[PDB]
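Engineer: Supplied in structure tokens, the structure appears directly below.
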Amino acid sequence: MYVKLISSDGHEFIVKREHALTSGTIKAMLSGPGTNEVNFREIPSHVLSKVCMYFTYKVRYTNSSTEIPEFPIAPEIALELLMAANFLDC
Amino acid sequence: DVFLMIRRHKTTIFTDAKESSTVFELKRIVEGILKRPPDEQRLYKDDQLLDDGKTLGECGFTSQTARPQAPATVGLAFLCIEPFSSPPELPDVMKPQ
Amino acid sequence: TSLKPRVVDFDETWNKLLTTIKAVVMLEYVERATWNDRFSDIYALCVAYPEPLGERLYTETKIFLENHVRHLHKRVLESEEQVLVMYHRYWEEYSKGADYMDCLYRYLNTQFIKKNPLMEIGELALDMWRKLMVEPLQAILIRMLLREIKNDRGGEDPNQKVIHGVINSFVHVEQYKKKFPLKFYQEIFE
Amino acid sequence: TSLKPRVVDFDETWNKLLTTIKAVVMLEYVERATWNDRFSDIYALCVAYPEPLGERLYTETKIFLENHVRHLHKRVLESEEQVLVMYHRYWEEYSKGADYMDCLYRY
């Protein structure tokens with residue numbers, strides 16, 4: 001039910017499987033060979049924390065009938081997170 | 001609803017505990033993935049200890065404080081939480097070089 | 001390191017990726033940490049500086065695929081009177097490996113293949129299987145299928161998994177052909 | 001340094017300006033180097049980063065001059081029968097002080 005993700009800095013981020021399936025390539029991370037272990041040698045801890053927060057933002061606000069607030073992607077963590085968003089297909 | 005993160009010095013536990021549930025439910029959630037009894041380990045919001053029977057709603061975990069965009073952070077002790085490796089700073093542009 | 005484009009040497013990363021691709025196609029075993037490393041490398045190869053190496057990666061993955069299917073087709077040729085029973089298990093292993101290959105090459109399949117002709121990595125495996133192994137031996141592998149199903153009415157029943165695992169093999173090798181979901185299977189076997 | 005904008009603390013720079021601004025009024029002697037450096041100090045305050053301290057400089061100068069003229073008012077009103085003499089003695093100093101501050105604070 002829960003999956004754990006490893007940053008390039010050694011940090012571990014544990015999120016539910018249904019939240020982590022938002023990313024296109026995390027589904028392939030959980031597929032193939034066989035709590036599941038997922039490691040990124042490029043992704044640091046801050047951008048992966050931002051992606052993990054985006055998972056909870058996406059699943060909670062999925063098909064909502066209200067005005068969905070915009071995800072606060074801070075200006076300093078913008079391009080490193082944009083690269084992560086492309087790679088993760090998030 | 002309340003969305004918050006639970007960190008033990010290298011980790012981060014993303015939960016969806018409602019305002020009705022108290023500390024005991026989050027202890028069970030942590031036990032479901034870290035296999036640690038609530039008697040062994042206790043959580044630490046900032047530098048303050050939460051009573052088990054005390055609901056998180058009056059512990060400062062309001063909805064407007066713990067949205068899923070920026071979930072609230074609580075420290076887990078079995079603190080010394082390692083920083084998130086903050087991204088490199090940007091030039092201030094208007095700063096005179 | 002980070003996710004930025006770098007000047008990566010294509011030969012060494014290709015040699016690193018070949019072992020995992022070989023371990024995937026025959027469905028032996030892959031280390032999950034090594035699998036994550038292969039994802040981290042399949043991303044970096046597609047966005048390599050100065051020129052992206054996705055084209056070279058695709059045109060060498062197809063070479064690995066064609067020589068693998070050629071080797072397995074020689075294995076089929078040397079296995080007389082056991083082409084169908086071995087064909088079933090080899091096709092099941094190859095189909096699972098092709099699905100895991102589509103998962104393996106996800107970034108190349110959504111940022112370079114869709115940009116362009118070229119075919120999806122998962123769909124290239126099945127297409128190469130049917131256009132390089134089935135084509136030389138399409139007649140032999142079907143005469144036994146018709147004989148077995150005719151013998152079932154005649155009394156000699158065939159094995160369930162041997163005959164049912166190939167009637168759907170022709171179905172799966174045309175999944176990418178959305179305009180012909182079952183046309184090939186009907187015309188060549190039914 | 002250079003005359004580009006830079007971050008300066010208003011307290012130290014205003015304290016440096018105060019010993020000269022209380023000397024240009026009620027005329028005293030200030031060195032040529034000091035009087036030429038106060039111009040750069042005024043420029044730095046009016047052109048600082050992030051926020052130009054022009055409003056702060058204006059308010060502090062206004063408060064200082066208000067305190068100075070009310071101090072002169074006390075020193076004249078305390079001395080009776082010589083209100084005219086003290087008034088003119090302080091006025092011949094303060095008019096030149098104002099005309100010198102209009103040059104020091106030209107930026």
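Identifiers for the structure tokens are assigned positionally: chains receive A, B, ... in sequence, residues are indexed from 1 per chain, and ligands are indexed from 1 in the order shown.
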Pull out every residue of chain B sitting within 10 Å of chain D, counting only C-alpha atoms, and send them as a list in words.
Structural biologist: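 Interface list for chain B against chain D: residues 94, 95, 96 and 97 of chain B.
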Engineer: What would the file look like if the residues just selected were written as an mmCIF file, in the first residue's frame with C-alpha atoms?
Structural biologist:
```cif
data_model
loop_
_atom_site.group_PDB
_atom_site.id
_atom_site.type_symbol
_atom_site.label_atom_id
_atom_site.label_comp_id
_atom_site.auth_asym_id
_atom_site.auth_seq_id
_atom_site.Cartn_x
_atom_site.Cartn_y
_atom_site.Cartn_z
ATOM 1 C CA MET B 94 18.734 43.892 -8.573
ATOM 2 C CA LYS B 95 21.654 43.193 -6.233
ATOM 3 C CA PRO B 96 24.606 45.273 -7.506
ATOM 4 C CA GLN B 97 26.740 42.248 -8.457
#
```
Engineer: Could you give me, as a PyMOL selection string, the residues within 12 Å of stretch 60-64 of chain B, counting only C-alpha atoms and dropping anything in the same chain fewer than 2 positions from it?
Structural biologist: chain B and resi 1-5+16-23+45-46+48+50+54-58+66-74
Engineer: Take the residues from that selection and write them out as a PDB file, in the first residue's frame, keeping C-alpha atoms.
Structural biologist:
```pdb
ATOM      1  CA  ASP B   1      -9.026  17.047   6.313  1.00  0.00           C
ATOM      2  CA  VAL B   2      -5.382  17.242   7.424  1.00  0.00           C
ATOM      3  CA  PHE B   3      -2.352  16.279   5.324  1.00  0.00           C
ATOM      4  CA  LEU B   4       0.945  16.131   7.202  1.00  0.00           C
ATOM      5  CA  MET B   5       4.387  14.555   6.962  1.00  0.00           C
ATOM      6  CA  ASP B  16      -4.176  11.563   5.310  1.00  0.00           C
ATOM      7  CA  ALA B  17      -5.354  11.534   8.924  1.00  0.00           C
ATOM      8  CA  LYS B  18      -8.619  13.428   9.347  1.00  0.00           C
ATOM      9  CA  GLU B  19      -9.352  15.997  12.047  1.00  0.00           C
ATOM     10  CA  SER B  20     -11.332  13.370  13.976  1.00  0.00           C
ATOM     11  CA  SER B  21      -8.380  10.995  14.351  1.00  0.00           C
ATOM     12  CA  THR B  22      -5.851  11.586  17.129  1.00  0.00           C
ATOM     13  CA  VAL B  23      -2.171  10.714  17.641  1.00  0.00           C
ATOM     14  CA  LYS B  45       5.825  18.437  16.691  1.00  0.00           C
ATOM     15  CA  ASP B  46       8.509  21.146  16.690  1.00  0.00           C
ATOM     16  CA  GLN B  48       6.677  19.673  21.942  1.00  0.00           C
ATOM     17  CA  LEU B  50       1.657  15.446  22.040  1.00  0.00           C
ATOM     18  CA  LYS B  54      -5.180  14.761  22.567  1.00  0.00           C
ATOM     19  CA  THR B  55      -6.678  15.252  19.112  1.00  0.00           C
ATOM     20  CA  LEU B  56      -4.382  16.745  16.467  1.00  0.00           C
ATOM     21  CA  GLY B  57      -7.065  19.325  15.664  1.00  0.00           C
ATOM     22  CA  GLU B  58      -6.236  21.376  18.761  1.00  0.00           C
ATOM     23  CA  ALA B  66      -1.647  21.398   6.774  1.00  0.00           C
ATOM     24  CA  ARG B  67      -2.850  21.472   3.171  1.00  0.00           C
ATOM     25  CA  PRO B  68      -1.401  18.775   0.870  1.00  0.00           C
ATOM     26  CA  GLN B  69       0.528  21.494  -0.981  1.00  0.00           C
ATOM     27  CA  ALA B  70       2.648  22.230   2.118  1.00  0.00           C
ATOM     28  CA  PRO B  71       1.864  19.495   4.660  1.00  0.00           C
ATOM     29  CA  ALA B  72       2.776  19.969   8.303  1.00  0.00           C
ATOM     30  CA  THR B  73       6.011  18.411   9.556  1.00  0.00           C
ATOM     31  CA  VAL B  74       6.318  16.347  12.743  1.00  0.00           C
TER      32      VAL B  74
END
```
Engineer: Which one is closest to residue D:103: D:22, D:32, D:38, D:16? Count only C-alpha atoms.
Structural biologist: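 For residue D:103, the nearest of the given residues is D:38.
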Engineer: With only C-alpha atoms as the basis for distance, which of B:34, B:53, B:92, B:87 is at the shortest distance from chain C?
Structural biologist: B:87
Engineer: Chain C residues within 8 Å of chain A, counting only C-alpha atoms: which ones, as a PyMOL selection string?
Structural biologist: chain C and resi 1-4+29-33+35-37+39-40+43+100+103-104+106-107
Engineer: For chain B against chain A, which residues fall within 7 Å using only C-alpha atoms, given as a PyMOL selection string?
Structural biologist: chain B and resi 10-14+68-70+84-87+89-90
Engineer: Could you write out the selected residues, including C-alpha atoms, as a PDB file, in the first residue's frame?
Structural biologist:
```pdb
ATOM      1  CA  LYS B  10      15.971  10.461   7.106  1.00  0.00           C
ATOM      2  CA  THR B  11      12.346   9.635   6.236  1.00  0.00           C
ATOM      3  CA  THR B  12       9.015  11.302   5.482  1.00  0.00           C
ATOM      4  CA  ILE B  13       5.625   9.661   6.076  1.00  0.00           C
ATOM      5  CA  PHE B  14       2.808  11.175   4.009  1.00  0.00           C
ATOM      6  CA  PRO B  68      -1.401  18.775   0.870  1.00  0.00           C
ATOM      7  CA  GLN B  69       0.528  21.494  -0.981  1.00  0.00           C
ATOM      8  CA  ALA B  70       2.648  22.230   2.118  1.00  0.00           C
ATOM      9  CA  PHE B  84      16.249  18.777   3.010  1.00  0.00           C
ATOM     10  CA  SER B  85      19.419  19.814   1.059  1.00  0.00           C
ATOM     11  CA  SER B  86      17.970  23.162   0.063  1.00  0.00           C
ATOM     12  CA  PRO B  87      18.239  24.072  -3.649  1.00  0.00           C
ATOM     13  CA  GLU B  89      20.242  30.136  -4.266  1.00  0.00           C
ATOM     14  CA  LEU B  90      19.441  32.420  -7.181  1.00  0.00           C
TER      15      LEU B  90
END
```
Engineer: For a test of reading the model, state the distance in Å between atom CA of residue C:17 and atom CA of residue C:42, rounded to one decimal.
Structural biologist: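 Computed distance, atom CA of residue C:17 to atom CA of residue C:42, equals 8.5 Å.
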Engineer: Record the distance separating atom CA of residue D:58 and atom CA of residue D:46, expressed in Å with one decimal.
Structural biologist: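 Distance reported for this atom pair: 9.6 Å.
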Engineer: Give the helix (DSSP H, G or I) residues of chain A, as assigned by DSSP on the backbone, as number ranges by chain.
Structural biologist: A: 17-20, 24-30, 45-60, 79-88
Engineer: Given the selection you just returned, output its residues as a file containing N, CA, C and O atoms, formatted as a CSV table (one decimal), in the first residue's frame.
Structural biologist:
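Final output, saved to out.csv:
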```
chain,number,residue,atom,x,y,z
A,17,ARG,N,1.0,4.0,-2.5
A,17,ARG,CA,1.1,3.5,-3.9
A,17,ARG,C,0.1,4.3,-4.8
A,17,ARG,O,0.5,4.7,-5.9
A,18,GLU,N,-1.1,4.5,-4.3
A,18,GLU,CA,-2.1,5.2,-5.2
A,18,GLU,C,-1.6,6.7,-5.5
A,18,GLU,O,-1.9,7.2,-6.5
A,19,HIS,N,-0.9,7.3,-4.5
A,19,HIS,CA,-0.4,8.6,-4.8
A,19,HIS,C,0.8,8.6,-5.7
A,19,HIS,O,0.9,9.5,-6.6
A,20,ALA,N,1.6,7.6,-5.6
A,20,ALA,CA,2.8,7.5,-6.5
A,20,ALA,C,2.5,7.1,-7.9
A,20,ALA,O,3.4,7.3,-8.8
A,24,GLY,N,4.1,8.9,-14.5
A,24,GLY,CA,4.1,8.0,-15.6
A,24,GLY,C,5.1,6.9,-15.4
A,24,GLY,O,4.9,5.7,-15.6
A,25,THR,N,6.4,7.3,-15.1
A,25,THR,CA,7.5,6.3,-15.0
A,25,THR,C,7.6,5.7,-13.7
A,25,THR,O,8.3,4.7,-13.6
A,26,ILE,N,7.0,6.2,-12.6
A,26,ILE,CA,7.0,5.5,-11.3
A,26,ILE,C,6.2,4.2,-11.5
A,26,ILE,O,6.5,3.2,-10.8
A,27,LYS,N,5.2,4.2,-12.3
A,27,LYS,CA,4.5,2.9,-12.6
A,27,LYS,C,5.4,1.9,-13.2
A,27,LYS,O,5.4,0.7,-12.9
A,28,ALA,N,6.3,2.3,-14.1
A,28,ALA,CA,7.3,1.4,-14.6
A,28,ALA,C,8.4,1.1,-13.6
A,28,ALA,O,9.0,0.0,-13.6
A,29,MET,N,8.6,2.0,-12.7
A,29,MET,CA,9.5,1.7,-11.5
A,29,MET,C,9.0,0.6,-10.7
A,29,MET,O,9.8,-0.3,-10.2
A,30,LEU,N,7.7,0.6,-10.4
A,30,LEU,CA,7.1,-0.5,-9.6
A,30,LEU,C,6.8,-1.7,-10.5
A,30,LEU,O,6.5,-2.8,-9.9
A,45,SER,N,16.9,15.6,-2.8
A,45,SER,CA,15.9,15.4,-1.8
A,45,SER,C,14.8,16.4,-1.9
A,45,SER,O,13.6,16.1,-1.7
A,46,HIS,N,15.1,17.7,-2.2
A,46,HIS,CA,14.1,18.8,-2.2
A,46,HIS,C,13.1,18.6,-3.3
A,46,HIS,O,11.9,18.8,-3.1
A,47,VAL,N,13.6,18.3,-4.5
A,47,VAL,CA,12.7,18.2,-5.7
A,47,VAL,C,11.8,16.9,-5.5
A,47,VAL,O,10.7,16.9,-5.9
A,48,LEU,N,12.4,15.9,-4.9
A,48,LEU,CA,11.6,14.7,-4.7
A,48,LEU,C,10.6,14.9,-3.6
A,48,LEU,O,9.5,14.4,-3.6
A,49,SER,N,10.9,15.7,-2.6
A,49,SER,CA,9.9,16.1,-1.6
A,49,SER,C,8.8,16.9,-2.2
A,49,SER,O,7.6,16.8,-1.9
A,50,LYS,N,9.2,17.8,-3.2
A,50,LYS,CA,8.1,18.6,-3.9
A,50,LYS,C,7.2,17.7,-4.7
A,50,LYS,O,6.0,17.9,-4.8
A,51,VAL,N,7.8,16.7,-5.4
A,51,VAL,CA,7.0,15.8,-6.2
A,51,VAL,C,6.1,14.9,-5.3
A,51,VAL,O,5.0,14.7,-5.6
A,52,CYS,N,6.6,14.5,-4.1
A,52,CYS,CA,5.8,13.7,-3.2
A,52,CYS,C,4.7,14.5,-2.6
A,52,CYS,O,3.6,14.0,-2.4
A,53,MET,N,4.9,15.8,-2.4
A,53,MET,CA,3.8,16.7,-2.0
A,53,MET,C,2.8,16.9,-3.1
A,53,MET,O,1.6,17.0,-2.9
A,54,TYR,N,3.3,17.0,-4.4
A,54,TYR,CA,2.4,17.1,-5.5
A,54,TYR,C,1.5,15.9,-5.7
A,54,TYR,O,0.4,16.0,-6.2
A,55,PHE,N,2.0,14.7,-5.3
A,55,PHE,CA,1.2,13.5,-5.3
A,55,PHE,C,-0.1,13.7,-4.5
A,55,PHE,O,-1.2,13.4,-4.9
A,56,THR,N,0.1,14.1,-3.2
A,56,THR,CA,-1.0,14.3,-2.3
A,56,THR,C,-1.9,15.4,-2.8
A,56,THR,O,-3.1,15.4,-2.6
A,57,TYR,N,-1.3,16.4,-3.4
A,57,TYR,CA,-2.0,17.5,-4.0
A,57,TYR,C,-2.9,17.0,-5.2
A,57,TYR,O,-4.1,17.4,-5.3
A,58,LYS,N,-2.3,16.1,-6.0
A,58,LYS,CA,-3.0,15.7,-7.2
A,58,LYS,C,-4.2,14.7,-6.8
A,58,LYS,O,-5.3,14.9,-7.4
A,59,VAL,N,-3.9,13.8,-5.9
A,59,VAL,CA,-5.0,12.8,-5.6
A,59,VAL,C,-6.1,13.4,-4.8
A,59,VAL,O,-7.3,13.1,-5.1
A,60,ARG,N,-5.8,14.3,-3.9
A,60,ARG,CA,-6.8,14.9,-3.1
A,60,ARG,C,-7.7,15.9,-4.0
A,60,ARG,O,-8.9,15.9,-3.9
A,79,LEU,N,13.7,24.9,-11.8
A,79,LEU,CA,14.2,24.1,-13.0
A,79,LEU,C,14.6,22.7,-12.6
A,79,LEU,O,14.5,21.8,-13.4
A,80,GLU,N,15.2,22.5,-11.4
A,80,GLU,CA,15.5,21.2,-10.9
A,80,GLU,C,14.2,20.4,-10.8
A,80,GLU,O,14.2,19.2,-11.0
A,81,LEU,N,13.1,21.0,-10.4
A,81,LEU,CA,11.8,20.3,-10.3
A,81,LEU,C,11.2,20.1,-11.6
A,81,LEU,O,10.5,19.1,-11.8
A,82,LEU,N,11.4,21.1,-12.6
A,82,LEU,CA,10.9,20.9,-13.9
A,82,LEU,C,11.6,19.7,-14.6
A,82,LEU,O,10.9,18.9,-15.3
A,83,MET,N,12.9,19.5,-14.4
A,83,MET,CA,13.6,18.4,-14.9
A,83,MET,C,13.1,17.1,-14.3
A,83,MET,O,12.9,16.1,-15.0
A,84,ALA,N,12.8,17.1,-13.0
A,84,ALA,CA,12.2,16.0,-12.3
A,84,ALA,C,10.8,15.7,-12.8
A,84,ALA,O,10.4,14.5,-13.0
A,85,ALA,N,10.0,16.8,-13.1
A,85,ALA,CA,8.7,16.6,-13.6
A,85,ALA,C,8.7,15.9,-14.9
A,85,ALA,O,7.8,15.1,-15.2
A,86,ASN,N,9.6,16.3,-15.8
A,86,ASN,CA,9.7,15.7,-17.1
A,86,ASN,C,10.2,14.2,-17.0
A,86,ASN,O,9.6,13.3,-17.6
A,87,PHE,N,11.2,14.0,-16.2
A,87,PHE,CA,11.7,12.6,-16.1
A,87,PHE,C,10.7,11.7,-15.4
A,87,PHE,O,10.5,10.6,-15.8
A,88,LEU,N,10.1,12.2,-14.3
A,88,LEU,CA,9.1,11.4,-13.6
A,88,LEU,C,7.8,11.2,-14.4
A,88,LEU,O,7.0,10.4,-14.1
```
Engineer: Just give me the gap between atom CA of residue D:65 and atom CA of residue D:14 in Å, one decimal is fine.
Structural biologist: 13.8 Å
Engineer: Give me the residues near stretch 93-95 of chain D as an MDAnalysis selection string, where near means some atom within 9 Å (using only C-alpha atoms) and where sequence neighbours in that chain fewer than 6 positions away do not count.
Structural biologist: chainID D and resid 24:27 69
Engineer: Find the residues near residue C:169: any atom within 12 Å, counting only C-alpha atoms, skip ones fewer than 4 places away on the same chain, and give them as a ChimeraX atom specification.
Structural biologist: /C:84,87-95,126-127,129-130,134,141-142,161-165,173-175,182,184-185,189
